[PDB]
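Written below as structure tokens is the structure these notes are about.
Each reported figure results from applying straightforward, stated rules to the coordinates on display, with no laboratory input. Methodologically, a virtual Cβ is constructed for each residue, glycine included, from the backbone with ideal geometry; neighbour enumeration extends over all protein chains shown.
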Amino acid sequence: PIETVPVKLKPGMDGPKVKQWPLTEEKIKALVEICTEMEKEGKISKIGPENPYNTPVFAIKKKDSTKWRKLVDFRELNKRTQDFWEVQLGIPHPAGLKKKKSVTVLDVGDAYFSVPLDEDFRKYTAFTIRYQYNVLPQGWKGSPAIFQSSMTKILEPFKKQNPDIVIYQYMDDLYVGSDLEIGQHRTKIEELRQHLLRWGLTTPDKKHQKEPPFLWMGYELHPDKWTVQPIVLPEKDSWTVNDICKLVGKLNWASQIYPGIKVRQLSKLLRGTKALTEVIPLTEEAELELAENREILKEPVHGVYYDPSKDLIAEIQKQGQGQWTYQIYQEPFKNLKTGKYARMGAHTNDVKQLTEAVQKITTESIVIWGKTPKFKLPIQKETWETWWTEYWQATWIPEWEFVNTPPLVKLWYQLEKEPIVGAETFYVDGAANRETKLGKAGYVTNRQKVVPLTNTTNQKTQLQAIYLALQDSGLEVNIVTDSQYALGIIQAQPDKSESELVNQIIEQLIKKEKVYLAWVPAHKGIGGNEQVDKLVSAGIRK
Amino acid sequence: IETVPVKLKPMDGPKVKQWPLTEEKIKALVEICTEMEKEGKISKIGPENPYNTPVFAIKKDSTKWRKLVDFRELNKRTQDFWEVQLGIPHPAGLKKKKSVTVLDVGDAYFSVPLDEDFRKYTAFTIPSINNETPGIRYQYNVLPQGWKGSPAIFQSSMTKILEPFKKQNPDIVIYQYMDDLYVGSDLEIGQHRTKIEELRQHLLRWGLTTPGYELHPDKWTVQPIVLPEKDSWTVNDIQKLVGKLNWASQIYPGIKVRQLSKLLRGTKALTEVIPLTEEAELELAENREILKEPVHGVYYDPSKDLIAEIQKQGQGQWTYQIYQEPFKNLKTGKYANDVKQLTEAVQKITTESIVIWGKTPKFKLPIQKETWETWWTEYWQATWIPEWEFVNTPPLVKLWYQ
RNA sequence: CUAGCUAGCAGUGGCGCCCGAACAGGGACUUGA
């Protein structure tokens, strides 16, 4: 007796007029009998000579080969149907589950058909062969939404009856548990079964409740622990994009829970691959990466549940190469889960990636648990405070502490906000042409230099000019330039980027203990500015 | 009640997602929505409507947990109605007053019905931690908060009820931009508070509970761009000053470095001092006297859009700039954890812009998007929500101040 | 109605590829240094 939901069609539209495909002559009886069986149960209405519409029909023999069953496609109507709200856009996670002593689960077969449909909308079920589904059909756009809404409003009174219990619902299964003995659990289960039969559902008393760990999206939901489904890997040499997809998906499902999982190499191996049977020669790096992932996978591990009373902890063990990690635990070595964050702006630093990873982990913890723990970062306070105080942005983080777990994080150099005595002034500049690209550039002392280039832009010309200048300068220096590009880039104090040019820049800068820099306009006649402009513009300006 | 028919521009309603929340906020949301539905203000719904609007929780002066909605998109789409049909004026004496006061009468909006054909465009849902439960959707059966159409339609009865006192206090001025209110007061702070309490009683007469607080516009002026006055001038300082002057020339056309550029004709070291000739000193003093003067050749347009830029210096020191067109500044100033200060600063700047022009500008914050989206709710205390974005800043506009 | 008279549906999670929409810079028209 549940109440349906009023539903209409898109602005000024109607049911699509179509002709049902011609089919075989052996499934017809085998599917006409299925149609009559669905009819006799009191779930469909057959009214053909009135409805001037039509819908497609299909006969399928899917997995568990027993017979040719029926199927229907709404691809022609799903778009014509009025828009609806997609309720479930995410999924739960094993790490965010709690400690329920008496666990259970409840599924219902054909439950989709166990819900009526608005009779004004049931007219759009012209299942010719005619049959008009008196209940929700399959493959529908929003049917799961109405399903979950009905389930929620039906359990609402049950929740009011026993609010202390928690429920984890899903598409068709009802994962539920408590912290009591068996007797009371089964009493409440029978109470729920009656509360549901009040509206016509199904529930047996021989399903899988302790035989688990369950089989849910490839998980192992043990009673007092959990982990992903036991995984394997092929042991051949050739690697086709299909086997790639397979092992990549497997190791990704495993990486979200397992530590020390690297896929960057195998990911890079895919960029540019488009065919369907590419036997890729596994580079030595990818080979050793797979070997290490195997070694880590050669021994199993069981995740831990969550405890609301006791807090949690966050920690990281970086591996290098700009890649990061993170571990979540409530007690030493009781790792809940882990992951990976190694996305690179063309230029970046260590503390920037650290901040991004920690804020992403904070968002993850909030969406999972709803709060953030005290972080354990391998970097001292003075570095972070100086960074975010002298940086051109604002970055805040919750309480945390220091960790003496090498390797660590730091700034491999620093900049001075005031000139220095004894240093040397360097009026430098560099330009090029949009056609020849043979820009000349160099430096000037308070001795000048000029060096042509090849296939470079004014930005890159000035970059290489300051590079070659630093290659010959000493320790202390007070340089000036005009390109705000390179200045602003260096102000970020990066130690890694994509272009190897800036990498050599920072490499040479490391050795230089002291350095100062600033910005000035161009074409104004400031000391050596016009001098270098004239010297480099030789043969390229006119 | 005669619900005015609301009709969106012949553009569909929004269906924005909902960022994650915390149980400490979900409990407050549930316990307040229970009473909200008990009092016929809202009702439970299903997926019949595709729309959805953000929702969140907040926490000065109390420990309660109020709420509001992000009608930014809704307002940007339904502008025409309240912008043209029933507009509102904007006085100018309020800024010439001594002190002011800001109120909030959302409860008044919570005491009126609302049309039914427009509620579907008010879809607001709460999240579920770890996706354990589907979205518990609801609908606004009454006038919501933050929607500037509700005040636009309620102003009639509002003024009809305000009639008694304003005749006795003609010097006072009132503005109704949103759920919040304002007052004109050019008298003693004690008298200001006495009249504020009188108006609070006039409101309580109909059951309106409403216990920073005040503010003063007289102190607000422009931030004079000032240069250093030293007895010994090195090179680096002159270079920084020349860069600043060249970057600011877009504001004051009367800026030149003729007498200064000559001193730069000699490429020397940085620590060496150079004397400032009378001609150079004369031009420097002229430029200084020109800077302190206000802007000449600008105005304000209520039809166009507004921009609210922001920067940072250090030690919790911040700046801010407002303008419609690039380099056409209408106001400057100064204002001095790192996100709390930013939130209160943007609040202060928007309040200033509203009391000056009666409109909320667009912002430009130097921070990533996810960090702000996550941490802006922590220290927020107002009930109005403006637009915003995120931008990268070079170390040039920073030279507007030290 | 998708593939060469014949076989042909959707959802979930992932692996991806193409396009559209946003962000920062480069080449042509118009103003100033």
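Is it the case that region A:477-492 has a residue that's away from RNA strand C (no atom under 14 Å from the Cβ), away from every other protein chain (no Cβ under 14 Å) and of a type outside the set (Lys, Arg)?
Within region A:477-492, the subset away from RNA strand C (no atom under 14 Å from the Cβ) is A:477-481, A:490-491.
The next check asks that each one be away from every other protein chain (no Cβ under 14 Å); those that pass are none.
Scanning region A:477-492 turns up no residue that is away from RNA strand C (no atom under 14 Å from the Cβ), away from every other protein chain (no Cβ under 14 Å) and of a type outside the set (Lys, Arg).
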Worksheet item: Condition test on residue B:67, is it surrounded by fewer than 16 Cβ atoms within 10 Å (Cβ to Cβ) and part of a loop (DSSP other than H, G, I, E, B)?
Response: no
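Counting only residues that are in contact with a strand residue (DSSP E or B) (Cβ under 7 Å, 6 or more places away or on another chain) and either in a helix (DSSP H, G or I) or not β-branched (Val, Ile, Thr) (or both), which one in region A:219-229 is farthest from RNA strand C (Cβ to nearest atom)? Explain how you work it out, then say what you get.
So the first thing to find is which residues in region A:219-229 are in contact with a strand residue (DSSP E or B) (Cβ under 7 Å, 6 or more places away or on another chain), and the list is A:219-220, A:223, A:225-229.
Now narrow it down to the ones that are either in a helix (DSSP H, G or I) or not β-branched (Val, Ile, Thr) (or both): A:219-220, A:223, A:225-226, A:229.
Numbers: A:219: 11, A:220: 16, A:223: 24, A:225: 22, A:226: 17, A:229: 12 Å.
So the residue we want is A:223.
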Practice prompt. Given the conditions (1) crowded, with 18+ Cβ neighbours inside 10 Å; (2) in a helix (DSSP H, G or I), report the number of the one that residue A:158 does not fulfil.
Written response: (1)
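Within region B:228-247, does at least one residue satisfy the condition of being small (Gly, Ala, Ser), within 16 Å of RNA strand C (Cβ to nearest atom) and in a helix (DSSP H, G or I)?
Our first condition is that a residue be small (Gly, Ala, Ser); within region B:228-247, this holds for B:232, B:243.
If we keep only those that are within 16 Å of RNA strand C (Cβ to nearest atom) as well, we get B:243.
Now restrict to residues that are in a helix (DSSP H, G or I): B:243.
Yes, some residue in region B:228-247 is small (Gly, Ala, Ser), within 16 Å of RNA strand C (Cβ to nearest atom) and in a helix (DSSP H, G or I).
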Fill in: Residue selected from region B:39-53 under the condition surrounded by fewer than 19 Cβ atoms within 10 Å (Cβ to Cβ) and either more than 11 Å from chain A (Cβ to nearest Cβ) or within 29 Å of the chain's Cα centre (by Cα) (or both), by the criterion nearest to residue B:387 (Cα to Cα)
B:43
Discussion item. Can you say whether residue B:28 is part of a loop (DSSP other than H, G, I, E, B), within 25 Å of residue B:211 (Cβ to Cβ) and either in contact with a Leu (Cβ under 7 Å, 6 or more places away or on another chain) or within 14 Å of chain A (Cβ to nearest Cβ) (or both), as far as the supplied structure shows?
Written reply: no
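Can you list the strands (runs of 3 or more DSSP E) lying wholly within region B:286-402 that have 2 or more residues being more than 16 Å from RNA strand C (Cβ to nearest atom) and more than 14 Å from every other protein chain (Cβ to nearest Cβ)?
B:317-323, B:329-331
Would you confirm, using the coordinates I've provided, whether residue A:189 is under 30 Å from residue A:1 (Cα atoms) and of a type outside the set (D, E, K, R)? Don't jump to the end; show me each part of the working.
Working: under 30 Å from residue A:1 (Cα atoms): yes; of a type outside the set (D, E, K, R): yes.
Yes; evaluated as a whole, the condition is true for this residue.
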Item to complete: Just need a number here: residues in region A:479-528 that are assigned to a strand (DSSP E or B) and either of a type in the set (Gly, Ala, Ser) or over 30 Å from residue B:257 (Cα atoms) (or both).
Response: 2
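A quick yes/no check of all residues on (1) within 18 Å of residue A:16 (Cβ to Cβ); (2) part of a loop (DSSP other than H, G, I, E, B); (3) within 15 Å of RNA strand C (Cβ to nearest atom):
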residue: A:54; (1), (2), (3): yes, yes, yes
residue: A:59; (1), (2), (3): no, no, yes
residue: A:62; (1), (2), (3): no, yes, yes
residue: A:70; (1), (2), (3): no, no, yes
residue: A:83; (1), (2), (3): yes, yes, yes
residue: A:91; (1), (2), (3): no, yes, yes
Worksheet item: Of A:46, A:99, which residue is of a type outside the set (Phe, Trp, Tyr), under 28 Å from the mean Cα position of the chain (by Cα) and away from RNA strand C (no atom under 16 Å from the Cβ)?
Response: A:99
Worksheet, complete the sentence: Residues in region A:106-126 that are within 14 Å of another protein chain (Cβ to nearest Cβ) and either within 15 Å of RNA strand C (Cβ to nearest atom) or in a loop (DSSP other than H, G, I, E, B) (or both) total 3
Item to complete: Please go through region A:233-269 and pick out each residue that is in a loop (DSSP other than H, G, I, E, B), over 18 Å from the mean Cα position of the chain (by Cα) and within 16 Å of RNA strand C (Cβ to nearest atom).
Response: A:233, A:234, A:239, A:240, A:269
Worksheet entry | Residue selected from region B:369-389 under the condition in contact with a strand residue (DSSP E or B) (Cβ under 8 Å, 6 or more places away or on another chain) and surrounded by fewer than 16 Cβ atoms within 10 Å (Cβ to Cβ), by the criterion nearest to residue B:228 (Cα to Cα) | B:389
Practice prompt. Take region A:127-147 and flag every residue that is within 16 Å of RNA strand C (Cβ to nearest atom) and either surrounded by fewer than 15 Cβ atoms within 10 Å (Cβ to Cβ) or not in a loop (DSSP other than H, G, I, E, B) (or both).
Written response: A:127, A:129, A:133, A:138, A:139, A:143, A:144, A:145, A:146, A:147
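Can you give me the number of residues within region A:493-506 that are loosely packed, with under 15 Cβ neighbours inside 10 Å and farther than 14 Å from residue A:465 by Cα? Break it down stepwise before answering.
As a first pass, look at region A:493-506 and keep what is loosely packed, with under 15 Cβ neighbours inside 10 Å: A:498-501, A:503.
Next cut, farther than 14 Å from residue A:465 by Cα only: A:498-500, A:503.
Matching residues across region A:493-506 total 4.
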Worksheet item: Is it true that some residue in region A:176-189 is touching a strand residue (DSSP E or B) at 6+ places or on another chain (Cβ under 7 Å), within 16 Å of RNA strand C (Cβ to nearest atom) and either among the aliphatic types (A, V, I, L, M) or within 14 Å of chain B (Cβ to nearest Cβ) (or both)?
Response: no
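Residues checked against (1) within 16 Å of RNA strand C (Cβ to nearest atom); (2) farther than 21 Å from residue A:348 by Cα:
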| position | (1), (2) |
| --- | --- |
| A:431 | yes, yes |
| A:451 | no, yes |
| A:455 | yes, yes |
| A:461 | yes, yes |
| A:470 | no, yes |
| A:512 | no, no |
| A:526 | yes, yes |
| A:531 | no, yes |
Discussion item. Show the residue pairs meeting these rules: Cβ distance below 9 Å; 6+ apart or different chains; first residue within region A:62-76 and away from every other protein chain (no Cβ under 14 Å); second residue within 8 Å of RNA strand C (Cβ to nearest atom) and of a type in the set (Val, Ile, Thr).
Written reply: A:68/A:24; A:68/A:60; A:69/A:60; A:70/A:60; A:71/A:60; A:76/A:18
Worksheet item: Residue check: is residue A:277 surrounded by 11 or more Cβ atoms within 10 Å (Cβ to Cβ), over 26 Å from residue A:344 (Cβ atoms) and either hydroxyl-bearing (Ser, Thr, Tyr) or within 14 Å of RNA strand C (Cβ to nearest atom) (or both)?
Response: no
Discussion item. Among (1) surrounded by fewer than 16 Cβ atoms within 10 Å (Cβ to Cβ); (2) farther than 23 Å from residue A:528 by Cβ, there is one condition residue B:248 misses while meeting the rest; what is its number?
Written reply: (1)
